[PDB]
Amino acid sequence: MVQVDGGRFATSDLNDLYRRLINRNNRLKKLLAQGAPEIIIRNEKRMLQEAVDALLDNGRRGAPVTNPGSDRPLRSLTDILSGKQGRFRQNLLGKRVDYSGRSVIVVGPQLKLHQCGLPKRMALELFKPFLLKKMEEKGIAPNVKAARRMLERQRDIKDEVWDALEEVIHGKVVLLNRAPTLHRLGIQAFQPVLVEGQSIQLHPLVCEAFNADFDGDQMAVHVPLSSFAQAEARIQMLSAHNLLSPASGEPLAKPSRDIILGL
Amino acid sequence: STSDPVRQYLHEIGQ
Amino acid sequence: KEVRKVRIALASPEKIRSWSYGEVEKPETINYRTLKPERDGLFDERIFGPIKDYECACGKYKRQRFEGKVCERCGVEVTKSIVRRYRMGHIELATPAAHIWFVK
Amino acid sequence: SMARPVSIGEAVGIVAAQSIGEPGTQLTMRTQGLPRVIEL
Amino acid sequence: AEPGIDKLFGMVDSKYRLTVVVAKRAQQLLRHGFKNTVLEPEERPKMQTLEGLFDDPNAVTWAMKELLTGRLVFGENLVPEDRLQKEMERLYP
Amino acid sequence: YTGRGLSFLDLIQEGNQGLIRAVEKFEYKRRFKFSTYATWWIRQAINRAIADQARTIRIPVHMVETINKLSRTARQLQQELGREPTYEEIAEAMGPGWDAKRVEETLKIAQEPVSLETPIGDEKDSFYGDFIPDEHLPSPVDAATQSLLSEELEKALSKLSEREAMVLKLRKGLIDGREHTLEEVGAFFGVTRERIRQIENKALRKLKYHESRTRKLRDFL
Amino acid sequence: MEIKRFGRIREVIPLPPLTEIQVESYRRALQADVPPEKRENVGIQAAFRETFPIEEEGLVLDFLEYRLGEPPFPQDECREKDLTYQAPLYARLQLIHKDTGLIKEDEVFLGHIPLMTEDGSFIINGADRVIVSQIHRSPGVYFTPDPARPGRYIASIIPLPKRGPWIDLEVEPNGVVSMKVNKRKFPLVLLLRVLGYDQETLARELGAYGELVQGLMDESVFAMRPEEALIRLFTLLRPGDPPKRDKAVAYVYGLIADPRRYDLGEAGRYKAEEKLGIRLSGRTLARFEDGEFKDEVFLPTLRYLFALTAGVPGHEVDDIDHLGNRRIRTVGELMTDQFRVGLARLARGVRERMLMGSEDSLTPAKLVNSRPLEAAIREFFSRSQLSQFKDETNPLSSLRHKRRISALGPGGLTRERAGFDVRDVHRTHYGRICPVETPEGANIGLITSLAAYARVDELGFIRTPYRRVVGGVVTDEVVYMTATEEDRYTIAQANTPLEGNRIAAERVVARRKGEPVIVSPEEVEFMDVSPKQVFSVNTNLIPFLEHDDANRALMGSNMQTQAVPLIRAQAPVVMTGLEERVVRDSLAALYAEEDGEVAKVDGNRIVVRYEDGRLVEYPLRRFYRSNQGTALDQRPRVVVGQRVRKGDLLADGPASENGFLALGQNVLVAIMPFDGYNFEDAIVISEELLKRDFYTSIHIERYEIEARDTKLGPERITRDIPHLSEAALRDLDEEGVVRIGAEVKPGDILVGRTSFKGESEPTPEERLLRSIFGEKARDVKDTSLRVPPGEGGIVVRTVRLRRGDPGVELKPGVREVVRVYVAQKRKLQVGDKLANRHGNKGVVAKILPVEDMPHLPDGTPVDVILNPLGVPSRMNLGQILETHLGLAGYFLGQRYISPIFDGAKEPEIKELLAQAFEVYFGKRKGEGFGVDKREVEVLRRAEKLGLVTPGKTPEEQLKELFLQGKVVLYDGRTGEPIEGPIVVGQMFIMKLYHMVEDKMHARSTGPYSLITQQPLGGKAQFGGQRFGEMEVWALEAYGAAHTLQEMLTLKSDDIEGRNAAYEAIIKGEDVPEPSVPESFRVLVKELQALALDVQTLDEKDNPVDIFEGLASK
Amino acid sequence: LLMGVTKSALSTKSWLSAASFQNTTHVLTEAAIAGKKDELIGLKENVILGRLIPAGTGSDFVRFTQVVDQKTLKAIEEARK
DNA sequence: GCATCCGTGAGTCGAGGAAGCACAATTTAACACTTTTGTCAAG
DNA sequence: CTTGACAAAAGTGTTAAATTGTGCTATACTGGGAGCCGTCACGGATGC
Ligand SMILES: [Mg+2]
Ligand SMILES: [Zn+2]
C-alpha cells in the first residue's frame, strides 16, 4: 500500500481479499458467541468458505469478486502465478534488464561483418559505470561522484569524455536484438563503432538472419558485463562466427538483393 | 440455487 | 551450501503457524490520519517487521547496536526493514475451509 | 552451424525447437500447411 | 572475426571449453594487473590513443593472443585450485 | 443499502446482528409490533457496518458522518447553483467551524486508494504497478557512494592519532552504530567530560586541515 | 504554375460533408435548437419519454420538457484549464399527487452534456476526443441454417444491444419446437399458449406446411389455461422462486413485453416487418394489455421458419455479414444509450426516495438526484473504448479518425474472438466501406473506413448513391440505397462510355448482387456515380491507384495520416482532386463567409469588411500544440485591401498550400541503387534538402509540475534551490520558472521546486562529513523539473494555474500547477522515416553533400535516391507512373490532377514527356551545346539494351529515352555517366511521425519495480529493455550460460548482485558472482501464501535458507 | 505410448518447468500432494532460480577446466615433488 | 459410444502512467518541571 | 588533564483539549437484481 508521487495511495487486490476474509471470520466469531440460530451460522460459514476461495482462486467457482464501483475481478493468488501475465512467464522466464538501450536501425555498408554502428549518446549511458572509472583514471574528474555530476548536464560534457569512451569500449562487444526472436540468430554480438546520430547502423549481410529491413525497424542493445559474458559473446555469439544456418547448415550470411544484382 | 449464494439463502429463510 | 533441489508439499496448520510471526486479527491497514500501520492489522510492524531499518514503531531504538532486540513499549523488532518482504502472518479460521485447488 | 561434429554441452533441444518453429509463419494456412504440422 | 578463431576452435574438443579457458585466463590477467602474461613485450596487445600506443586494456583480447602462442596449459584437475591461487599470488604479488 | 461498499450478503449478516440485538431489548408490554422496534436495530447495524468496513483505509464513524454530510451539502448546492460549488460555498453551507481549507482537507481525507492492478490501454497487458518506482531500497548508485565515502573517511581518520580516531568514531556513531556522549565516551576511557570535548575538537580541526590540503572529501557532501 | 486535369467521368454530385457522420448524428440526439414542442421522439427526448413518468403506484413524477444552456466556458478556455466543453441540462418536471390531484412543477438541473465542436470532436478534461462509430449486427428476425443437421433452420430474434435476451427458435429432431432464452430451452407451445393461442388457430395458420405443425399441437398444455401456462413457464424460466401470478406475470412481462427492458429498436422493428411481412405496433416481442398477453412477432416468426423448412419459393436464409443486416451506431446513438442507462438509475433512486420521507411535502428537486446520470455520461466520454484520444497529427488524421468504423467496443466483438467472416470484405461493402483502408495486424478487418460517398441513414444502414438509368440513357437523378435495396437491380459501372447521356457501349459491365456480368444498355437500371465512391478519403488521395497492389495501397493510405506538417509544405505535383475538399472539410483553414474586403492582415488575426458592412475579426491559431506534439498554426494568405468572394481562402492551416492538402515536399528522385545505402528500403537524400529547409517540422513538448500540501510542509516553486550554483539557475526568473525564449538542454531546470525532507537521522559517515565541513543540513531538498534526456528546445510558453482561479478545479491538496511548453524545429536526419502515397516507406540512412549526388547533364542534382528493388516484389507501379508525370511537370512547370481509375494514361503522359523534352533539350541547343561525349557512350549501351532504335541521331535517341521517363545521369563523384539511362522524376514524399529522436533510449541503472524489484519499462520511465522468453531461448541455444545468468540476476533483480556489480565496475574490478534473484523469493512466498511448503534443498536433501535467516523465527 | 508435445511437456518429471508452461494449478496441485522434488535438470528450472544452465559453458563437461602458464605449473610441481 | 458439459489455450518487442446524537473512553497536545548534555572560561 | 558555572537539550509528569469508540432511537414495514450477447480447438469427465 504505497503513496504515489501525487500523495495518492495505491494498493494491491490481495489486501481487499484479505480484508473480506478477516471481516467474515470476525463476524462469525461474534455470531457464535451470541448463540445465533443455525440458519445465520450456516450463511456465515458459507460466506467464509467463499471468501477463502476468492483469496486463493477468484472466479474459479461462482461469480468473481470485484471491487465495488467497478466490474474488474480482483487479482487472487492463482492469477498472480498463472497466465502470460503471471509470475512465471512475466518475471521469471523473462525480465527487464539494466545496461540496455534501443533505437532505429539504418544500414551501414562500410561496416565489417563483426561491426555495428552504436550512437555515442547511447554508448555513453550504456557504458556509464565504465566511463566514470576511466574519467577518474584520467584527469577529467577527481572522483566517480564528480564524474557523474558532469554527465548529468549535457552542456557540462567535455570533449575528453568522448576520448575516454572510445577507450572504454575498445575490444568489447554488444548484443543486438530484434523482436520477434524466432531463432538464435535474432541476437548477435558486434563490436560497436561510436557514431554521430541517434540510429544504430546494421551490417547488410546480417539483415536476413534478423529478418530486418530499414522501413522503421528497431533493435535493442545489451551490454555483457563480466569477462565470462564478454568471452562468450565474442567467441560464440559474434556475427562473424555464425555464418551457417543451425537449421539446415547452409550459409545464412550471404549476398543479398543489391549485392547479387551487382555481381 | 447451488451456484447462487443469495438464492440459496432466500430459500432457507423462506422455510 | 548450494541449492540442488526444490521440493513442494502440503502445509499443515502447524507448519503454517510456524511460518507466521503473528496473527492478523483486524482488517485495518493503516491509519487514515497518521498513515502508520495499524496494530494487529494487515501491515502491523509487530508482525511483519519495521518500516525503516533499525527503528521501532515507538521510536525508542534507532540504531543497529540494538540489533535483534524487541522494543518493550511497541513490541517491534529492531532489525532491517527488508524482512517485511519475507515475514508472514496468518489468519486463524473460526471453522475449517477447504482449499479450492483440491476441490475444483 | 559450423560443419563439424557437435560439441558436448550444446542445447540441441532449444536449437531444434527454434529451427522447426522459425519458418512456421511461411507455412500456408488459408490437413495442409501449418495446421498439418500442428496436428502431427 | 576474431583473429585466429579457426586455430583456437581446433585446440579444444568442445567450443565451450575454449570460452571457459579464455574467460578464466582473462580473470587471472586482470587480477594480477597483466604482470603474469606469457606474452613478450613486443607481443603485448596495443590500443591507439590520442597520446600514443598503450597496452590494450581488454583482458579477453590478451587471453586469446596468449592461447594462440601455445605457452598456456589447460585441462581438468591440473592442480588444486587453492594451491594454484597461492602460488600465482607469490610469483606475481 | 446495496452499492455502498458492502455486498448484499454482507449487509444481511450485519443486519442479522441488529435483529439479534433487537430481540434482546424488545419489550412486548408496550404493545408495539416487533417490526416497528426491530427496524431501528437492523438499519443501525447495517449502517455501522458500512462505516466500519466499506473502505480499505478505515475512517472513524464520526469522520464518515462528516464526509456524508459534506457530500449532501455539495449535491444540494450543485443542483441549486447549476454548477459544482466551490469550497467557499460548501464551507458556508456546512455551518460554523467550517472554512474552505477544512472542506478541502476533508475531501483529501476521503480519497480511496487506487488498485495496483488497474489496466491501462485497450489491451490488458499494462497496469499501474508497472509505472510506480520503488524508492525505499537504495539504488546501486546510492549504495556505492555510501561505501566510497566510508572508505575515504576511513583513510582520512588514519592521519589522526590512535585515541583521537576512536573519540570521533565513538562520538559520531562510527563504531557501535549509535552516537555516544562525552560522559559515556569518558566512561570507556576514564577521562572527564570537558577533556573529551577539547580532544575531539582538535582532531576535527586536524581533519579540516588535511581536507583543505587534499580536497579529496568535499565532493561527497 | 498551371494545373492540367485528366479524366472523362462527369460526377453529377459533389462529395457530401465529410464529417456529417459525426455532426448530424449528434444534432439529432440533442435537438437543442428545435422547439421543445416540435421535438421528435428521438435522441435524449426519447430517453426522457421512455423512463418517465416515474410512478410509485400515489405519486407520479412526469417529464414535460428539457433544455440546454450555454456552455460555462468557451472551447479555448476548456483546453487551457483542463475542462470539459459542455452545456447544462435542465428538465422541467412536475410532481402530481394522485390522491390529492395537486401538481407542482419546477426545473431541476440534471447535469452537463458534453458539446460537439464544429469539426465534430469533443473536449473532455481539456483533451480532444473522437467517438468512433461502431458496426454491429442489426436487430431483427434472422433465419440461418443449422450446421449440425442439414436441412434444418433456426430463427433468431435479436433486440438492441443490452435491450433484451436473444431468442432462438428451432425444430428439434423430435419435431417439438424449442425456444431458448437465457441459455434455458423449453417448448414454444407453452409460451404460445400463454399468448392466448388455441389449437384451432395454430391449425388454420401454421397447418399448411406439412408435419411441422403436427409437432406444435401437443394438447397436454392446450387445454391448460393461459394463467396456468404462465405459472408453468415461470417455473421453467426460474426454478426455485415461489410461483405466484404477480411474480410470474412480472417476469414474463419484463422479459418480452416491457418497453423499458426489451427494445427491438426502430431499425429492428423495420427489419422484422420487411422480412416477416407484418406491421409491428411497437418494438417488443409481445404486448401486455387488458391483463393479458398478446403475441406480436412469435407467430409470424414461426410461420416463416416453417415455410423456409417446407421450401416455399419466397423464403430464404439471412447472410449475417450482409451489409443490409449490419448497421452503424454513431456518436448520437452511443451517447443516448448511456444517457438512457444513467437516466434509468436516476429513476431508480426517485422511486426509492418517494416511498420514504415527507410523502406529502415532496418536490421534483428533492426527489431527483442527478449524480447517477452524470456518472453514466462522464464514464462514456472518458473510459469508453469508442471514446478515443483524437488523432490530429495533420488535418487528414483527424478527418480519418471521425470516419472510422470499429467492430470492437462495448457491445461488439473481441480482438481475439473475431473469425475470418467478420474480417472479410463482403460484396455489400462496395461503395459503403473502403476495401483497402484497414489496420494491418491483429485488427485487420475489425477497423474500417466509411467510403467517400457513403452516408449512414436514420436507421443506421450505410447507403451509397447510384444514377438512375431509364431506356439506356443515364439521368442525373441520384438515389441513395442500402445493400438490401441494391440487390434488386443491375448496376452499371461509372466508366461505361456515354454519348452525351446515352450508353454508347453495346456490352456493359455491371453487377447483379455483387456478381460482375456483361449486359445490354437496355438491361441497365442504375449507374455508379464515380470510382471514388468505392474508396475512403485516404485511399482517394493516391494517384494512379489502379496500378498499385492493394497490399501496398493499404500502407499508402495509412501513412498519409502520420505525415507531420512542414514549414514549407507543398501540394503534390500529381493530385487526384480531393486535396481541396479535405482542407475545406477539416476546418483547419480559414475562408470568407461572403463577399467582402480584407481590412487588417496580421500574423495573429484577420479583419474582413463584408458587403453588409459588418466587421469580422478572425483570430489565427498560432503555434498550437496538437495531441501528437505537432505544431498547428494558421498563416494568412491575403493582403490588406484585397477583395475576397464568399468561400475564398483567408489563411492556410497545418499542412495546406493555398487551400490544397500539403503533407510533404515535391523532390527530384532517381530510381537506382546507390552504394548499398539504398539497401532494404533505406533512402539516400541530398544535403540540399536540409539547406533550403525541406522536411523541417515544428514540435512542441509540454512539461507539468505541481506544488502540493504535505504533512512535512508545502512544496514551493522557487528560484532558491539548495546546493545549486548560479549557472544552473541562470535562466530561472524570480518566480522560479524558466524564462520564455531560453534554450533548454537535457538536465536543465525548467521549474524550481523544493520539498521538505522527511525526518530521518543521517548516516554516521554523512554526519561526520557535515561536522568536518561545518555545514548544517537543510530542511528542504531539490525536487525541481528538468529536461529529460534526449529532449530540449526553446521555451515558448509557461502556464500557471493557482487554486481559486476562475474555472481551475485543482485536485485537493494541490497548491498550484506549472506547465512549460518547449518548441524545437526538427530537420530531416538519419533514421527519420519517409514515405510516398503508394506504400513505399523507408528511413534516411545517408545524407550526401550536393557534389556527391547524381546530377543531370545540365548540372541539376537529384534530391532523393530510391532503390528499384523495392518495386518488383511490391507491385506498386503507381509510383513509377507518378515519377514519369513528375518529370514532365518539372520541365513544363505545371501540376496535374489525375482521378483514380479515370486519369492520366501512358499515351497522354508520353505526349507530355515529348513537350518536356523540347524545353529540356531545346534549351540546350539554343545555348550552343550539342550532345555530350558521355551521353554518346550511354546511347551506345542503350541500343544494345533494346531501349533505343539503332540508326537514329543522338538527339532522337535521347528523346526515345525521355519518353520512357529515363535520362542520362552523371555520377557526382567520378563525373562519368551511369552506364544505363535512369528513371529520374519528381515525386511527392512525406516525413512521417516516426522519428529516431523520439525513440532512441539507453539505460544503465534507474527505477525498479515495487514487488519484483526489476527495472521499469518505457523510455518515459527511464526503463530497461524486456529480455523475454524468446530472447532467453536464443542465449540458451548459443550456450551463453554466464551471459544468461547476468541478465537474470545481476542486471534485473539480484539486489545484492546489482549493488556489488555497480561498485565493482566503478572501482575497476570484475563483476562478482550473482546470487538468487528476488523474483524467485517472491514466488516462494506466494506459493507459501497458497499453503504450499516449497523448500530448496542441498545435495544431501537438507534445507537451504535462501532468505539469509530473515524469515526463520 | 505416443503423446503430443503438449501432453508430453505437462507430464514431465520437473514440476517447476511444467508449472511455468500451462495448467499451473493442476501441475502444482499434483506436485504438492506427491511431495515432488525438482532435481533442476533442464534449462527452464535453472533459469527460474537464476542458476547457471547445464549447457554451453555451464555444462559439467567443460565447466571445471583450468588454465595455467608454464612458470606457475613448474613451481607447483617443483614446490611439491 | 456418445453426446454434453466444463476447463484451458490461443506470437514478440514498443507506446500509452445516503442519519444524528449522546456520552464514555482513548489519544494527542501543552504546559510544567527536573535531568541530562554541551560548553565554557578558567584552573 | 580537571573544575566549577552556565545554557540549552532533553525527558518526565499532569491536564485538557481533540479525537475515537459505542449504544441507542418503540406506528408498522417480512424472499435480490442484473445479464441480455458473433470462436475454435482440443482433453477429460461423467449422464448414462
Ligand atoms: Mg520493417
Ligand atoms: Zn518501540
Side-chain angles (χ1 to χ4, degrees), chain A residues 2 4-6 8 10 84-85 89-91 94-105 119 121-122 124-126 128 177-181 198-200 216-223, chain F residues 114-135 137 139-141, chain G residues 127 389 627-629 699 701-705 746-747 785-792 822 831 993-1031 1047 1051-1053 1058 1079:
Chain A
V2 55
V4 298
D5 188 74
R8 180 76 165 253
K84 166 148 48 180
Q85 310 286 346
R89 298 177 56 178
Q90 199 66 11
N91 299 130
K95 293 179 179 179
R96 293 192 178 270
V97 293
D98 290 332
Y99 307 91
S100 62
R102 177 180 220 92
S103 180
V104 177
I105 61 173
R121 306 212 156 276
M122 283 184 73
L124 189 146
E125 183 60 28
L126 289 171
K128 210 191 198 74
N177 180 18
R178 183 178 182 271
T181 314
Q198 309 192 245
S199 57
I200 311 178
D217 292 332
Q218 303 183 59
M219 286 184 180
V221 191
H222 301 280
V223 177
Chain F
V114 65
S115 174
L116 275 180
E117 293 90 8
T118 61
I120 67 166
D122 277 354
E123 58 185 340
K124 308 316 177 57
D125 45 8
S126 185
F127 302 92
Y128 283 11
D130 304 355
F131 300 79
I132 303 180
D134 170 75
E135 290 153 326
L137 284 179
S139 60
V141 182
Chain G
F389 204 52
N627 284 343
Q628 308 305 117
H699 298 265
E701 186 63 82
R702 174 161 55 114
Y703 303 93
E704 193 207 62
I705 192 166
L785 166 70
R786 303 172 195 276
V787 184
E791 293 177 350
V822 181
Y993 178 76
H994 302 287
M995 298 176 189
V996 67
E997 182 175 359
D998 296 316
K999 309 203 169 192
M1000 178 187 109
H1001 175 54
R1003 165 213 171 114
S1004 34
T1005 48
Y1008 298 101
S1009 182
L1010 289 173
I1011 304 184
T1012 45
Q1013 283 299 323
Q1014 288 168 7
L1016 297 175
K1019 169 177 177 176
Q1021 291 84 26
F1022 202 80
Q1025 301 300 314
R1026 163 85 186 177
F1027 209 76
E1029 290 175 277
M1030 317 187 55
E1031 287 91 35
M1047 293 180 183
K1051 284 146 70 167
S1052 192
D1053 54 350
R1058 76 196 181 206
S1079 295

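Chain identifiers are assigned alphabetically (A, B, ...) following the order of the sequence lines, protein sequences preceding nucleic acid strands; residue numbering begins at 1 within each chain. Scope of the values below: all heavy atoms of this structure, side chains included, with no hydrogens, waters or symmetry mates.
For G:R1026, the salt bridge (charged side-chain N to carboxylate O under 4.0 Å, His left out) test picks out no residue, with sequence neighbours left out. For A:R89, the salt bridge (charged side-chain N to carboxylate O under 4.0 Å, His left out) partners are G:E1029, not counting sequence neighbours. With sequence neighbours excluded, no residue satisfies side chain to side chain donor-acceptor pair (under 3.5 Å) with A:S199. The side chain to side chain donor-acceptor pair (under 3.5 Å) test applied to F:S139 returns F:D142, not counting sequence neighbours. For F:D130, the salt bridge (charged side-chain N to carboxylate O under 4.0 Å, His left out) test picks out no residue, with sequence neighbours left out. G:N627 is linked by a side chain to side chain donor-acceptor pair (under 3.5 Å) to G:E392, counting only residues two or more places apart in sequence or in another chain. By the ring-ring contact (aromatic ring centres under 6.0 Å, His included) test, A:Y99 is found to be paired with no residue, residues two or more places apart in sequence or in another chain being considered. For G:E704, the salt bridge (charged side-chain N to carboxylate O under 4.0 Å, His left out) partners two or more places apart in sequence, or in a different chain, are G:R819. Residues forming a ring-ring contact (aromatic ring centres under 6.0 Å, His included) with G:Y703 (at least two apart in sequence, or on another chain): none.
Within the structure, side-chain hydrogen bond (donor to acceptor under 3.5 Å, both in side chains) pairs that include any residue of residues 1013-1025 of chain G comprise A:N91-G:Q1014, A:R102-G:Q1025, F:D134-G:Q1013, G:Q1013-G:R1058, G:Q1014-G:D1053, G:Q1014-G:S1079 (at least two apart or interchain). Residue pairs meeting the ring-ring contact (aromatic ring centres under 6.0 Å, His included) criterion with at least one partner in residues 995-1027 of chain G, sequence neighbours excluded, are A:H222-G:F1027, G:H1001-G:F1022. For residues 995-1006 of chain G, every residue pair satisfying the salt bridge (charged side-chain N to carboxylate O under 4.0 Å, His left out) rule, not counting sequence neighbours, is listed here: A:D98-G:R1003, G:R826-G:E997, G:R826-G:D998.
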